[PDB]
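One file, input03.cif, is given below (mmCIF, C-alpha atoms; chains and numbers go by the auth columns).
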data_input
#
loop_
_atom_site.group_PDB
_atom_site.id
_atom_site.type_symbol
_atom_site.label_atom_id
_atom_site.label_comp_id
_atom_site.label_asym_id
_atom_site.label_seq_id
_atom_site.Cartn_x
_atom_site.Cartn_y
_atom_site.Cartn_z
_atom_site.B_iso_or_equiv
_atom_site.auth_seq_id
_atom_site.auth_asym_id
ATOM 1 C CA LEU A 1 0.000 0.000 0.000 0.00 1 A
ATOM 2 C CA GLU A 2 0.995 3.644 -0.383 0.00 2 A
ATOM 3 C CA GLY A 3 4.080 4.953 1.396 0.00 3 A
ATOM 4 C CA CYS A 4 5.161 1.605 2.824 0.00 4 A
ATOM 5 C CA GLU A 5 8.738 0.874 1.691 0.00 5 A
ATOM 6 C CA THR A 6 9.884 4.500 1.406 0.00 6 A
ATOM 7 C CA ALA A 7 11.674 7.061 3.551 0.00 7 A
ATOM 8 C CA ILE A 8 13.341 10.440 2.947 0.00 8 A
ATOM 9 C CA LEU A 9 17.097 10.819 3.517 0.00 9 A
ATOM 10 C CA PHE A 10 18.861 14.038 4.502 0.00 10 A
ATOM 11 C CA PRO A 11 22.540 13.118 3.905 0.00 11 A
ATOM 12 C CA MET A 12 24.141 16.284 5.265 0.00 12 A
ATOM 13 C CA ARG A 13 23.168 19.655 6.689 0.00 13 A
ATOM 14 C CA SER A 14 23.159 22.508 4.181 0.00 14 A
ATOM 15 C CA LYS A 15 21.511 25.810 3.401 0.00 15 A
ATOM 16 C CA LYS A 16 19.097 24.375 0.808 0.00 16 A
ATOM 17 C CA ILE A 17 18.290 20.906 2.165 0.00 17 A
ATOM 18 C CA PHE A 18 14.614 20.535 2.978 0.00 18 A
ATOM 19 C CA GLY A 19 11.363 18.942 1.907 0.00 19 A
ATOM 20 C CA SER A 20 8.008 20.425 0.893 0.00 20 A
ATOM 21 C CA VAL A 21 4.653 18.864 1.820 0.00 21 A
ATOM 22 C CA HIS A 22 1.658 19.672 -0.383 0.00 22 A
ATOM 23 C CA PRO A 23 -1.632 18.598 1.193 0.00 23 A
ATOM 24 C CA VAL A 24 -4.823 18.813 -0.857 0.00 24 A
ATOM 25 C CA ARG A 25 -7.046 19.706 2.085 0.00 25 A
ATOM 26 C CA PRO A 26 -6.477 23.072 3.772 0.00 26 A
ATOM 27 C CA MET A 27 -4.272 23.386 6.852 0.00 27 A
ATOM 28 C CA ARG A 28 -6.912 25.090 9.018 0.00 28 A
ATOM 29 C CA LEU A 29 -6.728 23.266 12.341 0.00 29 A
ATOM 30 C CA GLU A 30 -8.634 23.813 15.583 0.00 30 A
ATOM 31 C CA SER A 31 -7.103 20.562 16.825 0.00 31 A
ATOM 32 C CA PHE A 32 -4.680 18.096 15.269 0.00 32 A
ATOM 33 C CA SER A 33 -2.208 15.236 15.627 0.00 33 A
ATOM 34 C CA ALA A 34 1.112 15.181 13.753 0.00 34 A
ATOM 35 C CA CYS A 35 3.273 12.024 13.779 0.00 35 A
ATOM 36 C CA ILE A 36 6.595 11.109 12.182 0.00 36 A
ATOM 37 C CA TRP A 37 9.232 8.387 12.307 0.00 37 A
ATOM 38 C CA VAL A 38 12.693 9.894 12.774 0.00 38 A
ATOM 39 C CA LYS A 39 16.174 8.343 12.664 0.00 39 A
ATOM 40 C CA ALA A 40 18.548 11.175 13.524 0.00 40 A
ATOM 41 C CA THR A 41 22.142 11.177 12.384 0.00 41 A
ATOM 42 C CA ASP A 42 23.140 14.135 14.576 0.00 42 A
ATOM 43 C CA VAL A 43 21.223 16.642 16.695 0.00 43 A
ATOM 44 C CA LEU A 44 22.022 20.269 17.526 0.00 44 A
ATOM 45 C CA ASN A 45 20.218 22.893 19.607 0.00 45 A
ATOM 46 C CA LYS A 46 17.280 23.016 17.176 0.00 46 A
ATOM 47 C CA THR A 47 17.038 20.236 14.570 0.00 47 A
ATOM 48 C CA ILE A 48 13.764 20.597 12.668 0.00 48 A
ATOM 49 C CA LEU A 49 11.695 17.481 11.940 0.00 49 A
ATOM 50 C CA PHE A 50 8.717 19.314 10.446 0.00 50 A
ATOM 51 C CA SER A 51 7.493 22.897 10.572 0.00 51 A
ATOM 52 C CA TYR A 52 4.391 24.782 9.463 0.00 52 A
ATOM 53 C CA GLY A 53 4.285 28.553 9.230 0.00 53 A
ATOM 54 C CA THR A 54 2.769 31.542 7.425 0.00 54 A
ATOM 55 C CA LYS A 55 4.423 34.818 6.428 0.00 55 A
ATOM 56 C CA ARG A 56 3.198 36.433 9.674 0.00 56 A
ATOM 57 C CA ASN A 57 3.961 33.438 11.942 0.00 57 A
ATOM 58 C CA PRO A 58 6.650 30.918 10.948 0.00 58 A
ATOM 59 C CA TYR A 59 6.026 28.770 14.039 0.00 59 A
ATOM 60 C CA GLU A 60 2.383 27.765 13.728 0.00 60 A
ATOM 61 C CA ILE A 61 3.398 24.121 14.167 0.00 61 A
ATOM 62 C CA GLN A 62 6.892 22.785 14.823 0.00 62 A
ATOM 63 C CA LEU A 63 8.491 19.578 16.096 0.00 63 A
ATOM 64 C CA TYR A 64 12.251 19.562 16.620 0.00 64 A
ATOM 65 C CA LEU A 65 15.033 17.834 18.519 0.00 65 A
ATOM 66 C CA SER A 66 17.439 19.411 20.998 0.00 66 A
ATOM 67 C CA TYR A 67 20.611 18.102 22.573 0.00 67 A
ATOM 68 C CA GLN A 68 18.748 16.668 25.551 0.00 68 A
ATOM 69 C CA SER A 69 15.064 17.003 24.707 0.00 69 A
ATOM 70 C CA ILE A 70 12.257 17.069 22.142 0.00 70 A
ATOM 71 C CA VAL A 71 10.305 20.306 21.614 0.00 71 A
ATOM 72 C CA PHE A 72 6.740 20.691 20.299 0.00 72 A
ATOM 73 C CA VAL A 73 5.613 24.204 19.301 0.00 73 A
ATOM 74 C CA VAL A 74 2.071 25.266 18.411 0.00 74 A
ATOM 75 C CA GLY A 75 1.035 28.780 17.453 0.00 75 A
ATOM 76 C CA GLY A 76 4.169 30.778 18.137 0.00 76 A
ATOM 77 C CA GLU A 77 7.668 30.376 19.516 0.00 77 A
ATOM 78 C CA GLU A 78 6.418 31.315 22.997 0.00 78 A
ATOM 79 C CA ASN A 79 4.452 28.021 23.118 0.00 79 A
ATOM 80 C CA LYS A 80 6.952 25.224 23.719 0.00 80 A
ATOM 81 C CA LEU A 81 6.220 21.823 25.246 0.00 81 A
ATOM 82 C CA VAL A 82 9.551 20.216 26.174 0.00 82 A
ATOM 83 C CA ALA A 83 9.925 16.475 26.736 0.00 83 A
ATOM 84 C CA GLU A 84 13.266 15.929 28.491 0.00 84 A
ATOM 85 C CA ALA A 85 13.396 12.471 26.902 0.00 85 A
ATOM 86 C CA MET A 86 16.047 12.270 24.172 0.00 86 A
ATOM 87 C CA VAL A 87 15.989 10.398 20.861 0.00 87 A
ATOM 88 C CA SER A 88 18.765 7.851 20.363 0.00 88 A
ATOM 89 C CA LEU A 89 20.892 8.695 17.355 0.00 89 A
ATOM 90 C CA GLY A 90 20.563 6.073 14.667 0.00 90 A
ATOM 91 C CA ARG A 91 17.401 4.582 16.142 0.00 91 A
ATOM 92 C CA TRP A 92 13.990 4.729 14.507 0.00 92 A
ATOM 93 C CA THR A 93 11.646 6.628 16.846 0.00 93 A
ATOM 94 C CA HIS A 94 7.939 7.395 16.471 0.00 94 A
ATOM 95 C CA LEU A 95 7.088 10.905 17.674 0.00 95 A
ATOM 96 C CA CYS A 96 3.539 12.247 17.843 0.00 96 A
ATOM 97 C CA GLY A 97 2.369 15.679 18.864 0.00 97 A
ATOM 98 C CA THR A 98 -1.289 16.352 19.630 0.00 98 A
ATOM 99 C CA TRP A 99 -2.987 19.640 20.318 0.00 99 A
ATOM 100 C CA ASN A 100 -6.419 21.114 20.903 0.00 100 A
ATOM 101 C CA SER A 101 -7.201 24.843 20.936 0.00 101 A
ATOM 102 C CA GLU A 102 -10.168 24.109 23.197 0.00 102 A
ATOM 103 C CA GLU A 103 -8.339 24.235 26.531 0.00 103 A
ATOM 104 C CA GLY A 104 -4.818 24.563 25.100 0.00 104 A
ATOM 105 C CA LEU A 105 -4.217 20.850 25.563 0.00 105 A
ATOM 106 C CA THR A 106 -0.837 19.820 24.169 0.00 106 A
ATOM 107 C CA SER A 107 0.725 16.357 24.374 0.00 107 A
ATOM 108 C CA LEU A 108 3.993 14.878 23.133 0.00 108 A
ATOM 109 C CA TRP A 109 4.314 11.115 22.648 0.00 109 A
ATOM 110 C CA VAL A 110 7.437 8.996 22.114 0.00 110 A
ATOM 111 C CA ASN A 111 6.932 5.469 20.788 0.00 111 A
ATOM 112 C CA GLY A 112 3.301 5.442 21.840 0.00 112 A
ATOM 113 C CA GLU A 113 4.034 6.670 25.367 0.00 113 A
ATOM 114 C CA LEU A 114 3.108 10.089 26.788 0.00 114 A
ATOM 115 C CA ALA A 115 6.424 11.909 27.273 0.00 115 A
ATOM 116 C CA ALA A 116 5.007 15.324 28.118 0.00 116 A
ATOM 117 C CA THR A 117 1.755 17.255 28.376 0.00 117 A
ATOM 118 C CA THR A 118 0.393 20.663 29.359 0.00 118 A
ATOM 119 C CA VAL A 119 -2.663 22.909 29.116 0.00 119 A
ATOM 120 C CA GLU A 120 -3.393 26.522 28.162 0.00 120 A
ATOM 121 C CA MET A 121 -0.939 26.528 25.240 0.00 121 A
ATOM 122 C CA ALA A 122 -2.279 28.760 22.453 0.00 122 A
ATOM 123 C CA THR A 123 -5.840 28.522 23.774 0.00 123 A
ATOM 124 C CA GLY A 124 -8.345 29.817 21.237 0.00 124 A
ATOM 125 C CA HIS A 125 -5.725 29.879 18.471 0.00 125 A
ATOM 126 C CA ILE A 126 -6.788 28.370 15.150 0.00 126 A
ATOM 127 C CA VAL A 127 -3.889 27.298 12.933 0.00 127 A
ATOM 128 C CA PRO A 128 -4.382 29.134 9.608 0.00 128 A
ATOM 129 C CA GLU A 129 -4.342 27.612 6.155 0.00 129 A
ATOM 130 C CA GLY A 130 -2.284 28.703 3.175 0.00 130 A
ATOM 131 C CA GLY A 131 1.052 28.506 4.969 0.00 131 A
ATOM 132 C CA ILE A 132 4.250 26.615 4.166 0.00 132 A
ATOM 133 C CA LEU A 133 4.662 23.036 5.481 0.00 133 A
ATOM 134 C CA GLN A 134 8.149 21.539 5.417 0.00 134 A
ATOM 135 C CA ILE A 135 10.077 18.603 6.814 0.00 135 A
ATOM 136 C CA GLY A 136 13.644 18.807 8.078 0.00 136 A
ATOM 137 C CA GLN A 137 13.808 22.626 8.056 0.00 137 A
ATOM 138 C CA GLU A 138 11.773 25.778 8.682 0.00 138 A
ATOM 139 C CA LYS A 139 10.588 28.244 6.065 0.00 139 A
ATOM 140 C CA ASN A 140 12.413 30.921 3.984 0.00 140 A
ATOM 141 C CA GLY A 141 15.587 30.107 2.039 0.00 141 A
ATOM 142 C CA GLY A 142 19.197 30.099 1.825 0.00 142 A
ATOM 143 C CA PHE A 143 18.155 28.384 5.069 0.00 143 A
ATOM 144 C CA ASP A 144 19.997 28.166 8.383 0.00 144 A
ATOM 145 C CA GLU A 145 21.965 24.927 7.983 0.00 145 A
ATOM 146 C CA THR A 146 22.339 24.496 11.761 0.00 146 A
ATOM 147 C CA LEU A 147 18.591 23.869 11.950 0.00 147 A
ATOM 148 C CA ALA A 148 18.504 21.305 9.146 0.00 148 A
ATOM 149 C CA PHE A 149 17.736 17.665 9.755 0.00 149 A
ATOM 150 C CA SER A 150 20.355 14.976 9.096 0.00 150 A
ATOM 151 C CA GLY A 151 19.274 11.339 8.830 0.00 151 A
ATOM 152 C CA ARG A 152 16.034 9.646 7.791 0.00 152 A
ATOM 153 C CA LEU A 153 12.340 10.538 8.085 0.00 153 A
ATOM 154 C CA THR A 154 9.155 8.669 7.189 0.00 154 A
ATOM 155 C CA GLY A 155 5.533 8.111 8.103 0.00 155 A
ATOM 156 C CA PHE A 156 4.780 11.807 8.357 0.00 156 A
ATOM 157 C CA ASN A 157 1.046 12.172 8.961 0.00 157 A
ATOM 158 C CA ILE A 158 -1.338 14.905 10.087 0.00 158 A
ATOM 159 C CA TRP A 159 -4.907 14.376 11.318 0.00 159 A
ATOM 160 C CA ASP A 160 -7.261 17.283 11.999 0.00 160 A
ATOM 161 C CA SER A 161 -8.208 15.777 15.380 0.00 161 A
ATOM 162 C CA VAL A 162 -6.591 14.552 18.580 0.00 162 A
ATOM 163 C CA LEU A 163 -5.980 10.825 18.306 0.00 163 A
ATOM 164 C CA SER A 164 -6.243 8.509 21.324 0.00 164 A
ATOM 165 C CA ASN A 165 -3.465 6.472 22.874 0.00 165 A
ATOM 166 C CA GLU A 166 -4.977 3.441 21.131 0.00 166 A
ATOM 167 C CA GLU A 167 -4.728 5.099 17.718 0.00 167 A
ATOM 168 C CA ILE A 168 -1.336 6.643 18.517 0.00 168 A
ATOM 169 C CA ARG A 169 0.178 3.350 19.656 0.00 169 A
ATOM 170 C CA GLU A 170 -1.220 1.733 16.505 0.00 170 A
ATOM 171 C CA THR A 171 0.374 4.459 14.352 0.00 171 A
ATOM 172 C CA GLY A 172 3.631 3.450 16.041 0.00 172 A
ATOM 173 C CA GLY A 173 3.023 -0.282 15.610 0.00 173 A
ATOM 174 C CA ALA A 174 3.646 -2.843 12.895 0.00 174 A
ATOM 175 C CA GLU A 175 0.810 -1.440 10.742 0.00 175 A
ATOM 176 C CA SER A 176 2.207 2.135 10.774 0.00 176 A
ATOM 177 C CA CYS A 177 2.375 1.773 6.996 0.00 177 A
ATOM 178 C CA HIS A 178 -1.391 1.656 6.435 0.00 178 A
ATOM 179 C CA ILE A 179 -2.423 4.277 9.016 0.00 179 A
ATOM 180 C CA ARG A 180 -2.376 7.693 7.360 0.00 180 A
ATOM 181 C CA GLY A 181 -3.680 11.149 8.055 0.00 181 A
ATOM 182 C CA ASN A 182 -6.651 12.792 6.365 0.00 182 A
ATOM 183 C CA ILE A 183 -4.804 16.139 6.060 0.00 183 A
ATOM 184 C CA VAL A 184 -1.293 14.761 5.384 0.00 184 A
ATOM 185 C CA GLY A 185 -1.139 11.113 4.473 0.00 185 A
ATOM 186 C CA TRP A 186 2.188 9.353 4.074 0.00 186 A
ATOM 187 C CA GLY A 187 2.283 7.725 0.646 0.00 187 A
ATOM 188 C CA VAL A 188 -0.561 9.689 -0.897 0.00 188 A
ATOM 189 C CA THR A 189 0.165 13.313 0.035 0.00 189 A
ATOM 190 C CA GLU A 190 2.831 14.782 -2.206 0.00 190 A
ATOM 191 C CA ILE A 191 6.196 15.376 -0.534 0.00 191 A
ATOM 192 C CA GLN A 192 9.027 16.733 -2.681 0.00 192 A
ATOM 193 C CA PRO A 193 12.634 16.542 -1.417 0.00 193 A
ATOM 194 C CA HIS A 194 14.893 19.443 -2.273 0.00 194 A
ATOM 195 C CA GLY A 195 18.490 20.481 -1.871 0.00 195 A
ATOM 196 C CA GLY A 196 19.950 16.991 -1.771 0.00 196 A
ATOM 197 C CA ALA A 197 17.208 15.329 0.267 0.00 197 A
ATOM 198 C CA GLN A 198 15.650 12.366 -1.440 0.00 198 A
ATOM 199 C CA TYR A 199 13.682 9.154 -1.012 0.00 199 A
ATOM 200 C CA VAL A 200 15.218 5.800 -0.107 0.00 200 A
#
Kindly present the structure from the file in structure tokens form.
Amino acid sequence: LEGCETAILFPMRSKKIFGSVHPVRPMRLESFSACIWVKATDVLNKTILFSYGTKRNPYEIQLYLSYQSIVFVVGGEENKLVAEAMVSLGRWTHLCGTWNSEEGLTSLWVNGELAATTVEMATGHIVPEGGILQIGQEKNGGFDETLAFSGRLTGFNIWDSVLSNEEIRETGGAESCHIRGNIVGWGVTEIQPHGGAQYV
């Protein structure tokens, strides 16, 4: 089935390495879940996994890796949920971020386990459509190479609703392949790798 035996490789860090995601449905989100499999080659202070932003706000949605933590941003750089758990370099890891504008509920999951959570994070904010959605780097470039991802990514998915631990664990299970998002679906949604990035 679609997007099953494929990943995207970022060989090195550079000023033009990134990947563009082109969903058919609009990116207007009152609540969402965004998952991705990451195998990091090297991590710096801010290594982007995926990032969504408009011209007025480049940090509408972001998931990145830090030296000792994993950071999930929704609706502005002031809104950071930090999971002090650290990804192992070279090791496939399923990361999900979930968020709901309703009470600012924000959760960060590592391999189907809740690694962090908080409330009142961008409460009442609606993520706007028409922005730029990238993997491995943030928008405008060329780019800042110290932010670029190095390694492998796959199974990038976005649902317009907060999944449950059942559904999240399943997305991180042996059938990760066939579980896709309705906004961004790995294997059907068009993802173009640029600047040296490319499928494997």
Problem set entry | Shell of 10 Å around segment 80-92 of chain A, only C-alpha atoms, local chain residues under 2 positions omitted, as a ChimeraX atom specification | /A:37-43,62-78,94-95,97,106-111,114-119,121-122,151-154
Problem set entry | Distance in Å - atom CA of residue 33 of chain A versus atom CA of residue 186 of chain A | 13.7 Å
Exercise. Atom CA of residue 105 of chain A to atom CA of residue 171 of chain A: how many Å, to one decimal?
Worked result: 20.4 Å
Exercise. What is the distance between atom CA of residue 16 of chain A and atom CA of residue 60 of chain A, in Å to one decimal?
Worked result: 21.4 Å
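Nearest-residue note for residue 24 of chain A: choosing from A:182, A:150, A:192, A:198, the minimum distance belongs to A:182, counting all atoms listed in the file.
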Name all residues at most 8 Å from residue 25 of chain A (count all atoms listed in the file; drop same-chain ones fewer than 2 positions away) and give them as a CSV table (one decimal) with C-alpha atoms, in the coordinates of the input.
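Saved file out-v7.csv follows:
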chain,number,residue,atom,x,y,z
A,23,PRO,CA,-1.6,18.6,1.2
A,27,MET,CA,-4.3,23.4,6.9
A,183,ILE,CA,-4.8,16.1,6.1
What are the nearest atom pairs, with distances in Å to one decimal, for all residues of segment 5-52 of chain A that come at most 12 Å from segment 140-149 of chain A, using only C-alpha atoms, set out by chain and rising residue number as a tab-separated table?
residue	atom	partner	partner_atom	distance
A:8	CA	A:149	CA	10.9
A:9	CA	A:149	CA	9.3
A:10	CA	A:149	CA	6.5
A:11	CA	A:149	CA	8.8
A:12	CA	A:149	CA	7.9
A:13	CA	A:148	CA	5.5
A:14	CA	A:145	CA	4.7
A:15	CA	A:143	CA	4.5
A:16	CA	A:142	CA	5.8
A:17	CA	A:148	CA	7.0
A:18	CA	A:148	CA	7.3
A:19	CA	A:149	CA	10.2
A:20	CA	A:140	CA	11.8
A:38	CA	A:149	CA	9.7
A:39	CA	A:149	CA	9.9
A:40	CA	A:149	CA	7.5
A:41	CA	A:149	CA	8.3
A:42	CA	A:149	CA	8.1
A:43	CA	A:149	CA	7.8
A:44	CA	A:146	CA	7.2
A:45	CA	A:147	CA	7.9
A:46	CA	A:147	CA	5.5
A:47	CA	A:147	CA	4.7
A:48	CA	A:149	CA	5.7
A:49	CA	A:149	CA	6.4
A:50	CA	A:149	CA	9.2
A:51	CA	A:148	CA	11.2
A:52	CA	A:140	CA	11.5
Exercise. Leaving out residue 125 of chain A and any residue of its chain fewer than 5 positions from it, which residues lie within 12 Å of it when counting only C-alpha atoms, given as a VMD selection string?
Worked result: chain A and resid 28 to 31 60 to 61 74 to 76 79 99 to 105 120
Problem set entry | Selected residue, from A:59, A:2, A:35, A:180, that lies nearest to residue 128 of chain A when counting only C-alpha atoms | A:59
Taking all atoms of segment 124-137 of chain A that appear in the file, build a box with edges along x, y and z, extend it by 4 Å on every side, and state its centre and edge lengths in Å to one decimal, as AutoDock Vina command-line options.
--center_x 2.7 --center_y 24.2 --center_z 12.2 --size_x 30.2 --size_y 19.3 --size_z 26.1
